[PDB]
Structure formats: structure tokens, C-alpha cells
Amino acid sequence: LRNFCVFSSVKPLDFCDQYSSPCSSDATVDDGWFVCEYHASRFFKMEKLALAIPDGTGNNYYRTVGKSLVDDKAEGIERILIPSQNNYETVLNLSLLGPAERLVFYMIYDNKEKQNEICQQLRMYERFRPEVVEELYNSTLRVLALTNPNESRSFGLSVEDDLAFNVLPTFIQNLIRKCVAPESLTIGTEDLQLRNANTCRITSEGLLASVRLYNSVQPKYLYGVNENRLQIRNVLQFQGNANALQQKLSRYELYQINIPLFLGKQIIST
Amino acid sequence: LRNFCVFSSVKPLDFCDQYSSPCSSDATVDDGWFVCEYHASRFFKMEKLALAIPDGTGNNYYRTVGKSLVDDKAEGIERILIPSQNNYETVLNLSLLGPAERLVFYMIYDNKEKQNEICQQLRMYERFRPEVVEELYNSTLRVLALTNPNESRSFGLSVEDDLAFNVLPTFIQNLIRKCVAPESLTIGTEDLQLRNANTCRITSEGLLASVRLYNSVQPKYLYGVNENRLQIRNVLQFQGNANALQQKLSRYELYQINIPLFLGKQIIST
Amino acid sequence: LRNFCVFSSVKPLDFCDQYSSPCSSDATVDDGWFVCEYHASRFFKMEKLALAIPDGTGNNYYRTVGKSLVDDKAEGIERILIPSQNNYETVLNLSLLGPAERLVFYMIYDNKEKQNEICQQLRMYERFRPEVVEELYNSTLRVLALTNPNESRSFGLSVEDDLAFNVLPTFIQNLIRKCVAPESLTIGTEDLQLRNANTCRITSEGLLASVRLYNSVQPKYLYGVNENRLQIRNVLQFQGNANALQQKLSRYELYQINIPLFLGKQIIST
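Chains as they are written, first to last, in the working numbering: chain A, 1 to 270; chain B, 271 to 540; chain C, 541 to 810.
What follows is the structure in C-alpha cells.
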């Protein structure tokens, strides 16, 4: 598979002579997400980060991790990173989404009746192109087929988190496992405490950024705004003086205020 | 016999147009082992070594000897070099082995009922090739027929070792006699003390590497590993400095830390 | 997939420099069997036949069908064409079969514990080749993944046959559906009675050739016999006279006495 993004196969179902997939340049690597960074930020509000674990001889074990794009001002449904099968339609706005994306999301969350209904209502578009729904279905199914089942991953200090994670779809479970780093890894015979407190939670609503940590990250895809019209807000302002703002400290190494997803424990022994 | 290995006649019993025997290049010599170095390392975990005894006029009497591939970390069943007829099935994993190798091992250890059962269950494969079991049986029997009975070999300081060696099958007895060198040879009228302590033992379990000697030999056939996946272990590490590691001594003649099989006494008088 | 046979990936797990798959020349077509004719005859005792249904304008719909190689003299277990998950080990002689074929059959019949056990006992063979069990597992799983779920197929006049077919593994179900032709097809709005009586049955033992029909087919792979030794049987004999045997009728078109698998009904409406 040249492109591993599950949404890569989504194309306009009308008679389009040419189309370019909006997947990012990182969609060609098989990191286990099966979603490109652009689609992960657009739908699940996450970006991709690398986590290097050094053994002590030079080799580094790289593990992918999700960086939350949810701001501290966001509340309620805006804090849901990965919606669960209970309320994914409202979180992802499936009704407003196009039929291809809607069908892909239905297959991802394993809603057989909805997939069948969408297919039987998209039969007519087979007139424009004989592969509007067939090849998309085959590609999405073959991409999802790689997510089915030494690692021992627990996603919480209570059985509630584990049972909430268990009932999630297999693709959602794989995405959560790949995007959520452990609070305290257990590699070989030693424990590596990556962080002392959790950053994301797993409940019936799905994977959320429960803690109100400050996010100082500029999204690389969710950055455009309607510059033409006018908006009113009460922002905080500083003077703009180098001595007052201590701008002379900008030459020092910057500690990025990011929100990586850290939750639970992982055990890697082999 | 171009090939003296007892496992050389083992071929896939299905309809195979062509097949190449995995025997090593040394299988063409008649050293008395009747097993190639590859098969000896694969099954009995031994390699072949030559032992030159000089008389004093220039001529050298060469005797084959077994070099143990068992590491010091190996314990229990992993230390069994040549399994005895009591527990050869578990040591060699006969159940997992193919029918041809299983039948060959059954004939080697002289288990008449098992040989008959394997033959009567391999009758059906005669449909694919009319020599799946016939020519294999004849070749293995004719190879084993060379192992039946001035040398006087004792395999221990106690009668227990001798009685344990006696009850072993004739092929196993020949292999042990050829692979185990004497601790102190007695040639002509003089004794040549090859080593002062034994290295291998013979008990009801068979021929084992009882002593926990360090093995610093790289196997020439049991060297492949699963490079694709990941494994975790706590190895010992050095700095990698020439002065610290005394690398300048590498130009000196190297004393190989091998584990040749030395046990008992041999008497050659004629 | 160049080769669609599920047993194509089976290779000797030892250090083999070269190996040629015993799959027939028809293993390259995707007929839905996912087993070559050679392997189907060797294991399931079936050969492949084509069944052309003419619509009336020239186009022919081709459906694959299984031809039984079971003779009328065969009785009991010899009449089992496709063993069910209840007694497949005894029918296919899994214990005598090699570890690769045993693991493939275990994966086909979906016996998770046995697959895990065979894998954990074949770890050691990873020393010889790092893909003895990994690539075989991936290839077999990806071949089986094509068998998972307008056609309406009933495999009997009673609910017992349907429930016996339902409990079978998905690969076995696909093989039975592809190899067993319907007694009376129902295409479009008309019924085409291919045969008036069933030829194969489906019970808890699997798919069997219950009827004692005479088989006058010469197998193209199960034809070799042990010519070297001697066998005794009481065959039927004719004189060998052209007038007595009516050999002059040989120029007429020959009605082949075959045993194609016909059972149940099929409905194709779209």
C-alpha cells in the first residue's frame, strides 16, 4: 500500500476527470495509525509525534504518539479527541459529511446496517463511475483488515477505563493504542516513568483530553481562518518591550508547551 | 556411498520434481559419524573437529571428535547433546518433525513398533512417488548396517557410565564413540593425557554437556535469527577502547574457547 | 496473488536452498477454491470441473464444480470428501503430516490453541530461516481473508444439512459452496434442473459422497502405484474380443461416468 490512510480512498463520487487526495506527505509510512496527520487533525484533532526510548547502547526504539490539538478553552464535545461508537455521528458531523466519508466512518465503527443502507443508496452513482463504491469499499476493508488482532497495555488505574476501551471498535482500539503513550512503560525488567500524571482519558464518550492543560501548539493544517469578515474577542495583551517580556531569553532552548497523550501503563517483555 | 549422512535420504514425500539435500560439504567423507556436520549441529548440537596424535616420526593419526555447541546458559534438556532411547522423542521433538525424519529417527533408536506404524501410515504416500518409503528405508538400513560390531574404550570412572552407554542403540553408541575423545589415551605402551578433566557425561538421559564450561564458538549453521521482529535482553557491555580492552593483543595467536567432548579412557594396542 | 492455493506457501522448514511448489498449473486462477487441483485431489479427493449455463444469446456463465474421486468400493472414512472440524485430524492424518501443512490446516479449521502451540513449537526453526513460520502465517492468513463474507444457497431438503453446513469453518464453507453444484438452479425467473437427485451430502462428519455411484475417472495425480512389489486381488475380466465387447461403438461420443457434486438449490437473482 503506497498510501496507508483509511480516508485516502475517499474521492468525489461524481464524474471527476482528476482528483488529488488531501493526505499529507506522511501518509506513505506504516506507523499503525492508518490515518494521515492531516486527517487525524481534521477528524480526531491529533497530530503525530515520535517518542524515542534509548536502550543504552545507541539504538533507539521509536513509538508513535498523539499530540492533542484541543485548547484549554474548549469544553464538552470540543474536548472529545476520538469519539466512541456511542456518539461518533454527532462528534464527527456524519450527516453533513459527504457520502464517501460517511460510508468510511460507518465501516470504521462497524455499523453493518448503516453501511448496507449507504451502499444501497449509492448504487445510482455507479452510473457516473463503475468504481464509486466498489473499489472504495475494497480498499477501506483491506486497510481495516490490518488492525485485527508480548505487549500488555492497560489504559487506566480502574477497570472502568479498560472496559470502556474494550467495547470500542478494532480500528478505534488500534488508533488509541498507537496514539496514546503509556504513563510508565515497563521494558525488559525496568520501569521507565515517561510522565507522572495522565493526560488523556478513555470513557464511554471515547478518548478525551480531560485535563485542562494549556495548549501552545500551532496546528499545521487547522490554521486557516476567514480573514475577510470581522470578528470581536477580548484577548490578553502585553506591552511588547524586550526588557519587560524578557525577549533576550528567546535564544535559550525552548520548552514546547505541547499536550501529548499519556495514559495507563505498557509492558514490553520478550 | 557418495553421501554417508543417515539423514541424507530424507526427502519430501509429496510429488516434488526436484530436491536438494541440506547436507554439508563434509557429508561425502566416511569419518564414522554417518551424520553430516549440518545434521549433527541441528539435531545433536555438535560440530566436527580433528584430533592429530603424532607418533614421533612425522605421521599423524587423525581421530574425529565432537565440539559441543551448548552454551553455559543452557540448562536441563538444552544440555542434552545426544538423547538416549528413553527420552529422544521429547529432546528431538519427533512429533513436530516430518514423517521421513521421524521414521529415520525411529529406525536409528530401534523402535520396531513405531517403525512399523510409521510405515503402515505412509503407505498412502506411495501414490505420489513409488519410492517415498521403500528406498528411504533401504538406504537408512544399509547406512545403519555399517555401525554394527584392538580398541578398548571406557566412558567413565564408574560402572554406571559404562552400563548407561551399553544400553544405548548401536548407531548412538557408534556416534558417541566417534564424537567423544578420551581423557587419557593409551597408545602402544605409553599414555597420552589429552585432558585432565572430563567435559561430557553419559547417563540414562544420554550424552550431556554436564560441565558449565563457557562456549565462545559461533555455529556455522545455527546462526540465523529472526531479524525482523524485536527482542529484549540484558547483555554485558564493554567500553570499546583499544587500550581498555587490550585490542593490541589481538595480533597474538588466539586460544579458542571451545568445548570438545572429552570423557573416559581409550586403549589402542596392536 | 500469483498463486491462490492456500497450501502454496508450504515449504520445508529446514535450510533448503531451493524448492518448487507442487501446485498444479491451474493454481494461478482465482476460481474461489483457493486450493489447486493437485492439493484438492490429495487432501479433499476432488478434481475441478467447469459448468456452463447458457442464457440464450451466446454468453455462458461458468461455475466451478467438484468432481468426486471416491470410488464405489470406498467405505466409511474413505467416503469423506471434505472433513469437518469435528474429525479433520483423523481424516487428513494431521499427526503424520509435516508441521507446515499441519499449521496451515489448523489455521484453515480455526483452532486457535493448536495454531498457537504449533507456532510456539516452531520458533526454533526460525534459526535456519527467519521466515519459516512468519511469512507462511501471513500468506495463509491473507489467503483465508478472501473467504470471509444475491446468491441464496441451500445445501439440503432438511434443516439438518443447513445447520451442519453453518457450523463449518469459513474456508470450508467457501470450498463447499464453490465445489458443490446445485441440484436445481434458479436463475432470473426460471428454474434449471441440473440433476434430479443429489450426489453429495453434508453432515456432522463434513461433506461426503454418500451415494455409491460408480466412478470411472482416472485421477491425474493419484495415479502412481508401487510397481516394484507384488499385490493380489480378484478383478473382473472380459474376453477381449471386439465383437463381444462391442469395441466398434468406441467411435461414438463417450458418456463419461463421473461423479460431480450436486446437492441442494441455488438462487441467483439480480
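For each residue, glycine too, the CB sits at the ideal point set by N, CA and C.
Nearest to residue i (by Cα), restricted to the options the options
i	options	result
residue 491(B)	342(B), 315(B), 327(B), 537(B)	315(B)
residue 241(A)	235(A), 249(A), 234(A)	249(A)
residue 427(B)	435(B), 303(B), 421(B)	435(B)
residue 609(C)	647(C), 757(C), 570(C), 672(C)	757(C)
residue 625(C)	652(C), 656(C), 784(C)	652(C)
residue 714(C)	592(C), 792(C), 606(C), 559(C)	606(C)
residue 27(A)	42(A), 18(A), 2(A)	2(A)
residue 401(B)	281(B), 536(B), 447(B)	281(B)
residue 731(C)	708(C), 595(C), 677(C)	595(C)
residue 634(C)	331(B), 368(B), 361(B), 538(B)	368(B)
residue 541(B)	493(B), 489(B), 468(B)	This structure cannot speak to residue 541(B), because chain B is shown only from 271 to 540.
residue 64(A)	194(A), 96(A), 49(A)	49(A)
residue 362(B)	733(C), 628(C), 661(C)	661(C)
residue 775(C)	736(C), 695(C), 613(C)	613(C)
residue 800(C)	791(C), 792(C), 750(C), 783(C)	750(C)
residue 503(B)	161(A), 57(A), 251(A), 253(A)	57(A)
residue 43(A)	162(A), 88(A), 21(A), 71(A)	88(A)
residue 345(B)	478(B), 507(B), 384(B)	478(B)
residue 24(A)	17(A), 117(A), 41(A), 18(A)	41(A)
residue 733(C)	805(C), 562(C), 602(C), 553(C)	805(C)
residue 155(A)	134(A), 177(A), 169(A)	177(A)
residue 449(B)	360(B), 516(B), 423(B)	423(B)
residue 721(C)	562(C), 559(C), 558(C), 592(C)	592(C)
Exposed unless 16 or more other CB atoms sit within 10 angstroms - verdict on residue i
i	result
residue 172(A)	buried
residue 15(A)	exposed
residue 347(B)	exposed
residue 642(C)	buried
residue 640(C)	buried
residue 539(B)	exposed
residue 763(C)	exposed
residue 699(C)	exposed
residue 777(C)	exposed
residue 118(A)	buried
residue 116(A)	exposed
residue 135(A)	exposed
Which residues DSSP lists as bridging residue i, in chain order
i	result
residue 120(A)	Beta-bridge pairing links residue 120(A) to no other residue.
residue 153(A)	266(A)
residue 603(C)	591(C)
residue 278(B)	Answer is none; residue 278(B) lacks a bridge partner.
residue 260(A)	67(A)
residue 679(C)	In the DSSP output, where bridge partners are listed per residue, residue 679(C) has none listed.
residue 741(C)	748(C)
residue 186(A)	191(A), 267(A)
residue 537(C)	This structure does not reach residue 537(C), given that chain C is present from 541 up to 810, and the question cannot be answered.
residue 82(A)	207(A)
residue 46(A)	68(A)
residue 451(B)	532(B)
Members of the segment 619-632 of chain C near chain B, C-beta cut-off 7 Å: none
Does the count of Cβ pairs from the segment 543-559 of chain C and the segment 340-356 of chain B closer than 8 Å reach three? no
Residues from the segment 764-785 of chain C in contact with chain B, defined by Cβ distance under 7 Å: 764, 765, 766, 767, 768
Please determine if the segment 656-672 of chain C and the segment 681-699 of chain C are in contact, where contact requires at least 3 C-beta pairs separated by less than 8 Å. no
Should the segment 446-459 of chain B be regarded as contacting the segment 484-501 of chain B, the criterion being three or more beta carbon pairs within less than 8 Å? no
Going along the segment 638-654 of chain C in order, which residues come within less than 8 Å of chain B, judged by CB to CB distance? 638, 639
At a cut of 8 Å, does the segment 365-380 of chain B reach the segment 397-412 of chain B through at least three beta carbon pairs? yes
What are the residues of the segment 172-193 of chain A that lie near chain B, defined by any Cβ-Cβ distance shorter than 8 Å? 187, 188, 189
I want to know whether the segment 568-586 of chain C touches the segment 471-480 of chain B - three or more CB-CB distances under 8 Å. no
Along the segment 123-153 of chain A, what residues have a CB closer than 7 Å to any CB found in chain B? none
Selection of the segment 54-80 of chain A by Cβ proximity to chain B, strictly under 7 Å: 57
If you measure beta-carbon to beta-carbon, which residues of the segment 284-304 of chain B are closer than 9 Å to chain C? 284, 285, 286, 287, 288, 289, 290, 292
Please list, in chain order, the residues of the segment 254-270 of chain A that have any C-beta partner in chain B closer than 8 Å. 268, 269, 270
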